[PDB]
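K.L.:
Chains as they are written, first to last, in the authors' numbering: chain A, 858 to 1231, 1263 to 1342; chain B, 1 to 120. A single structure is presented below for examination.
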Amino acid sequence: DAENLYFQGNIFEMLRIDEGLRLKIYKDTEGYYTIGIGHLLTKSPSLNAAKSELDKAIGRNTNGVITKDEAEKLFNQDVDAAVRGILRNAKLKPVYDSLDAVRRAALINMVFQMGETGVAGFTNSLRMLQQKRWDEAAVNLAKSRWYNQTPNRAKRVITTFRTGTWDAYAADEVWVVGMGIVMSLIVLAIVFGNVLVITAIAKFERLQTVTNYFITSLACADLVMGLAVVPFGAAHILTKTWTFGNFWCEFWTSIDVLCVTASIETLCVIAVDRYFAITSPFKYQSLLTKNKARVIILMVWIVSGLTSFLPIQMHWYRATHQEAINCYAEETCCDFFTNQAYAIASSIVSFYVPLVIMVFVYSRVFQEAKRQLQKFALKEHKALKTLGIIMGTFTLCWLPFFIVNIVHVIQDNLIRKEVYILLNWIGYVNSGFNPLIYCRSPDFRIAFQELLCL
Amino acid sequence: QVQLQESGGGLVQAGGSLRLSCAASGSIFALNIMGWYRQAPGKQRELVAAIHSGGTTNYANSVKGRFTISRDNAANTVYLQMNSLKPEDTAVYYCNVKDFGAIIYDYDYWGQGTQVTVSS
Ligand SMILES: CNC[C@H](O)c1ccc(O)c(O)c1
Ligand code: NA
Ligand code: NA
């Protein structure tokens, strides 16, 4: 058919969108134990029975967890069984034959979902599909229990029956590239911004201050963030898999943790630095030298490395559950599986402690500003808005993740992986947000204008 | 968009006393460093004496023990007491305000500058 363009009209992709790939046994909207791609194991409330049926179907001891290959095999087996079920039935086949490829895919979808007999139960709907009355069949199918139990999927399939096209499912492909370009813009913004900052601090001599040393550290963390973590992550997300190996997977993960930790902790160091610089400027200028600041930076990077590369490369961060073992064994898998200890410890070190210290410090600033040797001016309002942005951005970017990161481990996930990755990236854009917050000094402005000759 | 009114400078005999003064007209952030800098004939701009909004002060190594900086209570006015003046103190004195309203960095406000001449 000379069709090698993305998204070909078929039953497989339709069902992948409707069901969704999951390797571990889960419960559907009804409550039955499902696995893979909409593969019903048993109607038995016992999970052990589901494991028995699963092991019987696959052909080995799966422990409730299967691989991608087995999932696809089960998928094709169930689709083929659905088709054969349609051809074997006396109510489905006369309808199935008098249907175009798309509507055929819709019928195969229904049979795939609720079995042969159940779909054969739709006397009126099939009687209308056979007479090519798509709208009446749509309205009628919109009055079933199937539409009441799974309204969204029912709406999509019914729409597919009505229009006869793939308009109900074609709206996803556009979303894929639609977020792809966003990822591109993210990488570009981060890299450009941080390279600009680092170059500005490095080249000019008027920007050689301790605060700007901390800014240099932060900008380096965000730079390695935008050059390594973000692009490889984008490639991992878009291509649905991982094509670099387990070693580079755990290495990329190490860079992830290291960069995030270093970034946040450096933000904390900046907060404290500015507190001492504003509250007690003379002691700040006398005590904190460039060497002391360098030692501080070294300490931050060491602590960051101790919570990233060390546990990860020593497999200490690794989990014990079956899916984690499979993913660690799988070369194409690079999902983020950890145990309670590592998740909690890393969350505390990387995010929570710097969060607490920063909140306390800025609160100390706002508090001590009101007890100086002094008319409700507007400068204090502007400063309050400034710190509101400084802390507000950081919070809004990294708080949703580390909370979820601590919730996703305390109990087996009711939190979708989509949300996990999404919030992780909401944390990722903070690296690009930082140069627009910590580099608004007049010297930084002039430097930025001179660097690109605007 | 605030202003700095400097006053007090002038000619003075060697060993005589002089009183500088800077008045900050406008809205300045509560946390600031109000001080005095100077430019000697053929020398770079040097810090004379700065005072923080928290009362604490800071003097140069050539004025410590001779110069004493203080500030007003509510009008944000800084007075610089210059006792036992020397011919090397003959310079151009600028009033200065380090504002911390940006928290991350500091906004600088400068005065028009006053001339001080010590008769050698
Ligand atoms: C794969 N994404 C990891 C995430 O960015 C992440 C970063 C730092 C951490 O401490 C952590 O527990 C998770
Ligand atoms: Na092909
Ligand atoms: Na792997």
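C-beta: ideal position from N, C-alpha, C; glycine also.
Assuming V1087 of chain A and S1165 of chain A are in contact, meaning their beta carbons sit under 8 Å apart, how far apart are those beta carbons, in whole angstroms?
P.N.:
The residue labelled residue 1087 of chain A in the question sits at position 230 within the first sequence. The residue labelled residue 1165 of chain A in the question sits at position 308 within the first sequence. Wrong, their Cβ atoms sit about 16 Å apart, outside the cutoff.
K.L.:
Using only alpha-carbon positions, find the residue among A:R1013, A:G916, A:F1049 that is nearest to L964 of chain A.
P.N.:
Here residue 964 of chain A refers to the residue found at position 107 of the first sequence. For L964 of chain A, the nearest C-alpha among the options comes from A:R1013.
K.L.:
Among A:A1265, A:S1204, A:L1342, A:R945, which one has its Cα closest to the Cα of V1295 of chain A?
P.N.:
The residue given as residue 1295 of chain A occupies position 407 in the first sequence. Out of A:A1265, A:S1204, A:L1342, A:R945, A:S1204 has the C-alpha closest to the C-alpha of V1295 of chain A.
K.L.:
Among the residues of its own chain, which have a CB less than 7 Å from the CB of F1282 of chain A, if the five just before and after it don't count?
P.N.:
Position 394 of the first sequence, counted from the start, is the residue given in the question as residue 1282 of chain A. Answer for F1282 of chain A: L1124, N1318, listed in chain order.
K.L.:
Less than 7 Å separating the Cβ of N1293 of chain A from some heavy atom of ligand 2?
P.N.:
Translated into positions along the first sequence, residue 1293 of chain A becomes position 405. No, the Cβ of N1293 of chain A stays beyond 7 Å of every heavy atom of ligand 2.
K.L.:
Where do the ends of the beta strand (DSSP E) carrying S1137 of chain A lie?
P.N.:
The residue labelled residue 1137 of chain A in the question sits at position 280 within the first sequence. Careful: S1137 of chain A lies outside any beta strand (DSSP E) and carries neither H nor E.
K.L.:
Taking a contact to mean a Cβ-Cβ separation below 8 Å, would you say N1148 of chain A touches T1177 of chain A in this structure?
P.N.:
Here the question's residue 1148 of chain A lines up with position 291 in the first sequence. Here the question's residue 1177 of chain A lines up with position 320 in the first sequence. Cβ distance not < 8 Å, so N1148 of chain A and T1177 of chain A don't count as in contact.
K.L.:
What residue from A:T1136, A:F1321, A:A1202 has the CA that sits closest to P1168 of chain A's CA?
P.N.:
For this step, residue 1168 of chain A is matched to residue 311 along the first sequence. When each option's Cα is compared against that of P1168 of chain A, the closest is A:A1202.
K.L.:
Determine the DSSP secondary structure at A1025 of chain A, reduced to helix, strand or coil.
P.N.:
Locating residue 1025 of chain A in the first sequence gives position 168, counting from the first residue. Three-state result, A1025 of chain A: coil.
K.L.:
In chain order, what residues of the region 1307-1341 of chain A put their CB closer than 9 Å to some CB of chain B?
P.N.:
Within the region 1307-1341 of chain A, the residues whose Cβ lies closer than 9 Å to some Cβ of chain B are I1325, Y1326, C1327, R1328, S1329, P1330, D1331, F1332, listed in chain order.
K.L.:
Near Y889 of chain A, which residues of its chain fall below 8 Å by C-beta distance, leaving aside the five closest residues on each side in sequence?
P.N.:
The residue given as residue 889 of chain A occupies position 32 in the first sequence. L897, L898, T899, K900, listed in sequence order.
K.L.:
Tell me, please, which residues DSSP counts as bridged to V1129 of chain A.
P.N.:
Mapped onto the first sequence, residue 1129 of chain A falls at position 272. BP columns for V1129 of chain A are empty, so no partner.
K.L.:
Roughly how many angstroms lie between the CA atoms of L80 of chain B and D106 of chain B, to the nearest whole one?
P.N.:
For the purposes of this step, residue 80 of chain B is taken as the residue at position 80 of the second sequence. For the purposes of this step, residue 106 of chain B is taken as the residue at position 106 of the second sequence. About 23 Å.
K.L.:
Could you check where the alpha helix (DSSP H) with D1079 of chain A kicks off and where it finishes?
P.N.:
Locating residue 1079 of chain A in the first sequence gives position 222, where the first residue counts as 1. Residues 1067-1081.
K.L.:
Tell me whether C1116 of chain A is buried or exposed, calling it buried when 16 or more other Cβ atoms sit within 10 Å of its Cβ.
P.N.:
In the first sequence, counting from the first residue as 1, residue 1116 of chain A sits at position 259. Buried.
K.L.:
Once the 5 residues before and after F1061 of chain A are set aside, which same chain residues still bring their CB inside 7 Å of it?
P.N.:
Residue numbering aside, residue 1061 of chain A sits at position 204 when the first sequence is read from its first letter. So the qualifying residues of the chain are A1335.
K.L.:
Are there any heavy atoms of ligand 3 lying less than 7 Å away from the beta-carbon of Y1174 of chain A, as far as the coordinates show?
P.N.:
What you label residue 1174 of chain A is simply residue 317 of the first sequence in a count that begins at 1. It does not: the Cβ of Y1174 of chain A is nowhere closer than 7 Å to a heavy atom of ligand 3.
K.L.:
Could you pull out every unbroken alpha helix (DSSP H) segment of at least 4 residues lying fully inside the region 887-966 of chain A, listed in chain order?
P.N.:
The region 887-966 of chain A contains these whole alpha helix (DSSP H) runs: 904-915, 925-945, 950-954.
K.L.:
Step through the CB atoms of chain A and report whether any lies within less than 8 Å of the CB of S53 of chain B.
P.N.:
If you number the second sequence from 1, residue 53 of chain B lands on position 53. At least one chain A Cβ lies under 8 Å of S53 of chain B.
K.L.:
Note down, in chain order, each residue of its chain lying with its Cβ closer than 6 Å to the Cβ of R1010 of chain A, except the 5 sequence neighbours on either side.
P.N.:
Start at 1 with the first residue of the first sequence, and residue 1010 of chain A comes out as number 153. Excluding sequence neighbours, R1010 of chain A sits near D875.
K.L.:
Using a Cβ distance threshold of 8 Å, determine whether the region 69-76 of chain B contacts the region 1319-1339 of chain A, with at least three qualifying pairs required.
P.N.:
In short, these stretches do not touch, since the Cβ pair count stays below three.
K.L.:
If you compare alpha carbons, which of A:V1297, A:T886, A:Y1219, A:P1288 is closest to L1275 of chain A?
P.N.:
As a first step, residue 1275 of chain A is located in the first sequence; it is residue number 387 there, counting from the start. It is A:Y1219.
K.L.:
Going by DSSP in three states, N997 of chain A sits in which element: helix, strand or coil?
P.N.:
Reading the first sequence from its first residue, position 140 is the one you call residue 997 of chain A. In this structure, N997 of chain A counts as helix in the three-state DSSP scheme.
K.L.:
Quick check: does the Cβ of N933 of chain A come within less than 7 Å of any heavy atom belonging to ligand 2?
P.N.:
Looking up residue 933 of chain A in the first sequence gives position 76. Checking the Cβ of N933 of chain A against ligand 2 gives no.
K.L.:
Shorter than 7 Å, the distance from the beta carbon of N867 of chain A to the closest heavy atom of ligand 5, or not?
P.N.:
Because ligand 5 does not appear in the structure shown, any question about it cannot be addressed here, the ligands present being ligand 1, ligand 2 and ligand 3.
K.L.:
Check for me: the beta strand (DSSP E) holding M1279 of chain A runs from which residue to which?
P.N.:
For this step, residue 1279 of chain A is matched to residue 391 along the first sequence. No beta strand (DSSP E) contains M1279 of chain A, which is instead part of the alpha helix (DSSP H) from 1267-1298.
K.L.:
State yes or no: is the C-beta of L878 of chain A within less than 8 Å of the C-beta of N966 of chain A?
P.N.:
On the first sequence, residue 878 of chain A is found 21 positions in, with the first residue counted as 1. On the first sequence, residue 966 of chain A is found 109 positions in, with the first residue counted as 1. Cβ atoms of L878 of chain A and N966 of chain A: not closer than 8 Å.
K.L.:
Answer with buried or exposed for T1068 of chain A, where buried requires no fewer than 16 other C-beta atoms within 10 angstroms of its C-beta.
P.N.:
As a working mapping, residue 1068 of chain A is identified with position 211 in the first sequence. With 16 or more other Cβ atoms within 10 Å, it is buried.
K.L.:
Spell out a yes or no on whether the region 940-950 of chain A and the region 922-932 of chain A are touching, meaning 3 or more CB-CB pairs, one atom from each, closer than 8 Å.
P.N.:
Touching, no, given that fewer than three Cβ pairs across the two stretches are closer than 8 Å.
K.L.:
At the level of alpha carbons, what is the spacing between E1187 of chain A and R1151 of chain A?
P.N.:
Stepping through the first sequence from its first residue, residue 1187 of chain A is reached at position 330. Stepping through the first sequence from its first residue, residue 1151 of chain A is reached at position 294. Rounded to whole angstroms, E1187 of chain A to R1151 of chain A spans 41 Å at the Cα level.
K.L.:
Per DSSP, what are the beta-bridge partners of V97 of chain B in this structure?
P.N.:
As a working mapping, residue 97 of chain B is identified with position 97 in the second sequence. DSSP, once it has assigned bridges, lists B:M34, B:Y109 as partnering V97 of chain B.
K.L.:
Any heavy atom of ligand 2 within a distance shorter than 7 Å of the CB on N1183 of chain A?
P.N.:
The count along the first sequence starts at 1 and reaches residue 1183 of chain A at position 326. No - ligand 2 has no heavy atom lying nearer than 7 Å to the Cβ of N1183 of chain A.
K.L.:
Since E1268 of chain A meets chain B, which of its residues come closer than 7 Å, beta carbon to beta carbon?
P.N.:
Counted from its first residue, the first sequence places residue 1268 of chain A at position 380. Neighbours of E1268 of chain A on chain B, chain order: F29, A30.
K.L.:
Look at the Cβ atom of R66 of chain B, then the Cβ atom of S84 of chain B, and state whether they are nearer than 8 Å.
P.N.:
If you number the second sequence from 1, residue 66 of chain B lands on position 66. If you number the second sequence from 1, residue 84 of chain B lands on position 84. Closer than 8 Å, so yes.
K.L.:
As a quick exercise: from A:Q987, A:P1008, A:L1053, A:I1015, pick the residue whose alpha carbon is nearest that of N997 of chain A.
P.N.:
By 1-based counting over the first sequence, the position of residue 997 of chain A is 140. Nearest C-alpha to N997 of chain A: A:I1015.
K.L.:
Is the Cβ of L1302 of chain A closer than 8 Å to any Cβ of chain B?
P.N.:
Along the first sequence, one-based indexing puts residue 1302 of chain A at 414. By this cut-off, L1302 of chain A is not an interface position.
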